[PDB]
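Taking it in order: structure first as structure tokens, then the write-up.
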Amino acid sequence: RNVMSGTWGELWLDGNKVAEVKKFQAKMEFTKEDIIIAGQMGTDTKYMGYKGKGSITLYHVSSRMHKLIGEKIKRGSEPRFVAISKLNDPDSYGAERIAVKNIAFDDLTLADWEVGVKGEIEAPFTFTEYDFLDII
Amino acid sequence: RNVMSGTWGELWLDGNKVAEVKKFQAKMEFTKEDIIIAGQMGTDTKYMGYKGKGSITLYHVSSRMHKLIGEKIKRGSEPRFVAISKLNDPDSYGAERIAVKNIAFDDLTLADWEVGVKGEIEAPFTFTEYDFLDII
Amino acid sequence: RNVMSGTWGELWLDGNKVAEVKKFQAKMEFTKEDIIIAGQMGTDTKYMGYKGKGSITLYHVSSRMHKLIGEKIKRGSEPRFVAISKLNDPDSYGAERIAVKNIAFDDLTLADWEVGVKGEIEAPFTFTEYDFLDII
Amino acid sequence: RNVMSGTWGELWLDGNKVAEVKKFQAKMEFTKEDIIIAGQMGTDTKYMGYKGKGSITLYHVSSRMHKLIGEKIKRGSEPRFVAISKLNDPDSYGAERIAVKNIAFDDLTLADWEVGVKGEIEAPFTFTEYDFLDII
Amino acid sequence: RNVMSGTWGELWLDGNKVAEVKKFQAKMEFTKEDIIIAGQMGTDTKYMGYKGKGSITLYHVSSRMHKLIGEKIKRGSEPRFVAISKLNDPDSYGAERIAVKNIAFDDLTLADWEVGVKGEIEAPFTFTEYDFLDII
Amino acid sequence: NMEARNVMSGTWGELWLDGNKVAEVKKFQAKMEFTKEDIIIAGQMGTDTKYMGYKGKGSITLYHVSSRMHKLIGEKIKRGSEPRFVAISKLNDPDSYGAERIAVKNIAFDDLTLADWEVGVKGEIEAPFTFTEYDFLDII
Amino acid sequence: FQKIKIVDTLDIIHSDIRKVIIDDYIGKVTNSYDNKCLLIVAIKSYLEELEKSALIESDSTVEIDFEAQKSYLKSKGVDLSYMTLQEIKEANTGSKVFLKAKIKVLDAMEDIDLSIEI
Amino acid sequence: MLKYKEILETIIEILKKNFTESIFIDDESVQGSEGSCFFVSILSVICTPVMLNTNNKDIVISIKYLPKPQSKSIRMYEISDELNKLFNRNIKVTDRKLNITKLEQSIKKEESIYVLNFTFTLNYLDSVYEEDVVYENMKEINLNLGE
Amino acid sequence: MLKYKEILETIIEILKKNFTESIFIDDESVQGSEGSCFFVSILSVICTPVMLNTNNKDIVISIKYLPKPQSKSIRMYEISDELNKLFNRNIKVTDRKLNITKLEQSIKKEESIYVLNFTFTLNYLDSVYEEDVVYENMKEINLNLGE
Amino acid sequence: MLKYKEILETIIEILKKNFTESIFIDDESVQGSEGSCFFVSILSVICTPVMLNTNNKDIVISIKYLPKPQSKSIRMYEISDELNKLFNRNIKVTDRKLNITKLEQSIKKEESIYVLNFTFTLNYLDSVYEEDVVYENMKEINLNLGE
């Protein structure tokens, strides 16, 4: 009878579980064009499509993203990935699984460190497809 | 003899009561064109129409928005909804009911969680029509 | 079994170790063009290239950057440099070495001081190439 | 063996020492044009020139800037100045002297006062040339 | 031997002393065009003119600005004013008087009040000429 | 089968001019324009066309690094003798299906640029041309 | 290796790298892993310059010679068991540095076959 | 690495040169004093890493003047002026000059008697201890270029 | 999961090696001491979840030196230098090195006597206990594709 | 609506299972104890409305271990490890699991004796009591459309 807490979040990336994950987010943003109809004061819209956006935040524990994309990006070939997120709070009502597909990342962080600060990596991406598993 | 408190707010979406609702807002923004009249120093305006805007904030308790729009959006067909808001503070003067119609949402959130944070969903939308019930 | 701490960070610039370094960062930002495919609601992208960006922050201890670039910049000849960064936390899993090549700096700070403040220098740059040494 | 502290900063403007100076800054910002080379994924740049920028902050003790530029500016003739900055911290490694030449100021403050506030003047400028004296 | 304090500030507007004045400011902003000279790396500028800007802040004690401009502005005739500012701190070195001429105000505040707040008026303006009296 | 990654990027283009590789190509262009004549046929509302021939037109844009075109054509143009050249263009994107390589023949240039510079502007050269023949090598 | 041209190019590349090796690092730089990484980076940049000018084929690699290093460690009495690859790579090797590089060269046109059908 | 004992002894030496009253370090000695003693101590030290091998240090130093005989407050107001003269921008400790960032002063009553509390802060950078191994120079470099 | 007892015993061992004065853990023992004892305790622990199965921990450790005999403050100023040498960047506890984030020090009077309080903070990540069931490998996968 | 008594009794049962020392609830009982007792109490509750019919609750729970016999501090350091094992992510109270948000611990002296204070916070949502009237279903709907 609680709201789902993000402490109970799990992520699978490229078929591999990501033990160190801080937050996950994925959103679909619709494209709308304004249409004015004769005799009608309120302005309406027409739905044209969507764009998928998201990002992953993880602690700096290994060279995961380097091994994923660094060598392939230089040669001019871009890879795509699949991600599965799960949110299963024991106090909540149920579990929620979603697959995010055709993922292309936006950048690659080679090095980022500061004295007295523990390292983190945030990686935006774009996607195209998704699937529903175990929706509540 | 008090100002209305938002603690006494209720929402109906698509004919179904939304038990978990944090805040509701709906606004009409007029379109005005500047007109300068000869011999007059002050600049006047002409009313052209309006655009309806609003948003809903709710706690992450179920997959309400997924079931509402996710499968239909992929196939290229966009649905419209009706919402009814009621604000009835026992200490206030009376109740206020408003119906908001022809609602089209702006996005869809698939997953958004963070460690140590209880999840929330905010969903902007646009509308065209409205009706007054039990205005004070 | 810890996240890597930036306190254990080392930098080599132009073949010389930089004893006074506060933070180091280097990032590759991809160029993406939107492509809409007929019959597909989700908008896709095409990978076209990348741009390298980074910066160095160091305490004001010597005239390192002046000696590096000041005289050559005036005459119209621009130099390029190579940097090697190492992050080796004793509690972490391993070391990480990266070489950043074809570095061109963005500016030069001649003087910047304030009463009661210890001096610092931050120097953005752009790069083109990189190499992986001892990735985890 | 300390970082240089701005408390030990001195300024000479137009051949006259400025006893009341709060902070001094001068920077050179390079002009870069993007060039894409066939067969190369990373985008390169070409160096085109630079622009000199800086500012002075001083306490309101006399009408220094008024006497410097006010009467000449009205008649349509613009003057240029030379500045010399010195940073010599006793605990640091050595002294640093830089001459900034062909200075043209950006504005002139006639009056700026507020009740309960001690007055300060900040004066941006642009320059073209510089010289190194006693670099470390 | 102190910096001048704005507590000792006096203003004359339209020949009338303004007993209630909170702060005064007037600035001249030069117009500069960039010129690139062949064979020279540093970019130079050419001085073309200036624009005068300032503002007055005063407590709401009377209808000074209304009587100054309200009736004349409606009919299409704009007035100009002269202001004299004086800063004479007993502990400072001397007094400073400046006359600001050809003042044209930017707006007019009819009413602005809030519950529990004491009223203030801030009035930006533009000017063209000035004169130096008793510069230090 | 169709994917966004299959669109060819122009960064993967290569050019040979007169048997010599030019590393400094910004864009390459070649196109054939058909000559058509309107023919009105009795009893028919929609007018038809007759194909009669074609024009080949193109252009090369390159960063200004050497005096390639001067050495190619400058001295011969003054004497009254016009030279002809052959160009080969290759487009090979690793994410596409395959390569596209075309040879353009009997190329005559339209003009010659001796000097064009501006303060604070990097140098570039644009060279339009015409042509008559072509061949296909490795089409997709 | 039977062709003169390929061996000549290999020898020229080796002798041109050797001057950069000797004039800087021989007898002047301490035999530490950081300095080894610096030397590797310099050699890799030099090889990339040759790759640009089409003297050699692209995608050449420079790295620490693992087999020679392991053989030297055995010859010195060190035990190579229960040792990670990374541990072996950055082990102390006295005054000896072992490096391996991999490049590709192409031959010239010598034999041409032309079939013509009438 | 600068020693705190050296800083304290340098400040005690300055006080001994410029004053005739006694200077004490322990609380026991000041209670045995018949009149107008001094008390010197280091109040707080804060150490923060700014680089891999260096630390940033802030030290607060307290100087107390306690007038035992009656009617000695005007002396408390002269001593503050003398102390203000003594410590200005930096002090020199073991061929090093340490910057003084701020000065704070208060006159309050401790138990039944008013006392003077003169404090100032020092800021400097110091290097941490570390052990580094020794390597011999590169004598032989064997590179083999395959294919 | 690292044990606090192990950390405390490691620090006590370091102190025992580098000093000749006695080290105590309870308040009762220090009052029975005739002179110049040590007191060691863990001041505070703060635990926060950063991932699903790991925690972030900040530990504050306090070391006190109490001079019982009169006129022992200069020893208080030497001991601080020795302690500053001992703890620099990290300490090793059960084949693990724990980073030291900051160091704080103060000299104040407790009851009638001044004492030295040397404190520093440790930061590290630790994993929480959990029980996981066991599954056997997939032997048979039956998929039927209709229509 | 969850009861505080149930939470307290569940925690007491956990302590009773995993420890041999006695657990007390009132201050009177701990003073009569001959040695090494436990004290458990709920420190604070904060309740805030988040929806029309639900509340957000933060509860702070304090567990104290008081060693009466002399020389029992090393036991104080072992007990902290055991308690750290016991409470990890959530506890189950009346077929409900309540999340644990943070853990705080301190070792200070109360009066003349040092004690251990182990605290942690619980966060959950609970529903408020309300009375709703009953309506019968719609049987007849009469609509007349004029003009």
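Within every chain, numbering begins at 1; the chains are lettered A, B, ... in the order of the sequence lines, protein sequences first and strands thereafter. Heavy atoms only: backbone and side chains are in, while hydrogens, waters and symmetry mates are out.
Of the two parts of A/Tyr93, only the side chain, counted from C-beta on, holds a non-hydrogen atom closer than 4.5 Å to a non-hydrogen atom of chain B. At a 4.5 Å heavy-atom cutoff, the contact between B/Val61 and chain A is made by backbone and side-chain atoms alike.
Listed here is the closest heavy atom pair of B/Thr126 and A/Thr45: OG1-OG1, 4.0 Å.
Side chains of A/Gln40 and B/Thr128 form a contact here, defined as non-hydrogen atoms less than 4.5 Å apart. By the 4.5 Å heavy-atom criterion applied to side chains, A/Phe132 and B/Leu110 are counted as neighbours. Taking 4.5 Å as the limit, some side-chain heavy atom of B/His60 sits within range of a side-chain heavy atom of A/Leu87. Two residues are said to be in side-chain contact when any heavy atoms from C-beta on lie closer than 4.5 Å; A/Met4 and B/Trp113 fail this criterion. With a 4.5 Å cut-off on side-chain heavy atoms, B/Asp106 and A/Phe30 do not count as touching. A/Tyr47 has its side chain within reach of B/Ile73: a pair of non-hydrogen atoms, C-beta onward, lies under 4.5 Å apart. When side chains are defined from C-beta on, B/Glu114 does not count as touching A/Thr7, because their heavy atoms never get closer than 4.5 Å. In this structure the side chain of A/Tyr130 reaches within 4.5 angstrom of the side chain of B/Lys74, judged on heavy atoms.
The OG1 atom of A/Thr43 sits 11.0 Å away from atom CD of B/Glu29, with the distance rounded to the nearest 0.5 Å. Within the model, atoms CG of B/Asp107 and NZ of A/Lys32 stand 9.0 Å from one another, a figure rounded to the nearest 0.5 Å.
Counting non-hydrogen atoms of other residues, nucleotides and ligands closer than 6.0 Å to NZ of A/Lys101 gives a total of 12 or fewer. With a 6.0 Å radius and a threshold of 12 heavy atoms from other residues, nucleotides or ligands, A/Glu71 has its CD atom above the threshold. Around atom CH2 of B/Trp12, more than 12 heavy atoms belonging to other residues, nucleotides or ligands sit under 6.0 Å away. Counted within 6.0 Å of CD on B/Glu120, heavy atoms from surrounding residues, nucleotides or ligands total more than 12; the atom is thus considered enclosed. Surrounding CD1 of A/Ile36 are at most 12 heavy atoms belonging to other residues, nucleotides or ligands under 6.0 Å away. Around atom NZ of B/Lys17, more than 12 heavy atoms belonging to other residues, nucleotides or ligands sit under 6.0 Å away.
For the options B/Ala111, B/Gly49, B/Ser62, heavy-atom pairs under 4.5 Å to chain A are most numerous at B/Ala111. Among A/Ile135, A/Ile98, A/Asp44, the residue making the largest number of heavy-atom pairs under 4.5 Å with chain B is A/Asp44. Contact tally against chain B (heavy-atom pairs below 4.5 Å) for A/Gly42, A/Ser5, A/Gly94, A/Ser85: the top residue is A/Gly42.
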Pair A/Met48-B/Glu78, side chain to side chain contact (heavy atoms under 4.5 Å, CB included): steps then yes or no = CA-CA 10 Å; A/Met48 301 292 282; B/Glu78 193 200 32; over 6 Å; no
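Salt-bridge annotation for A/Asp34 and B/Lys51: present, with a side-chain N of the basic residue lying under 4.0 Å from a carboxylate O of the acidic one.
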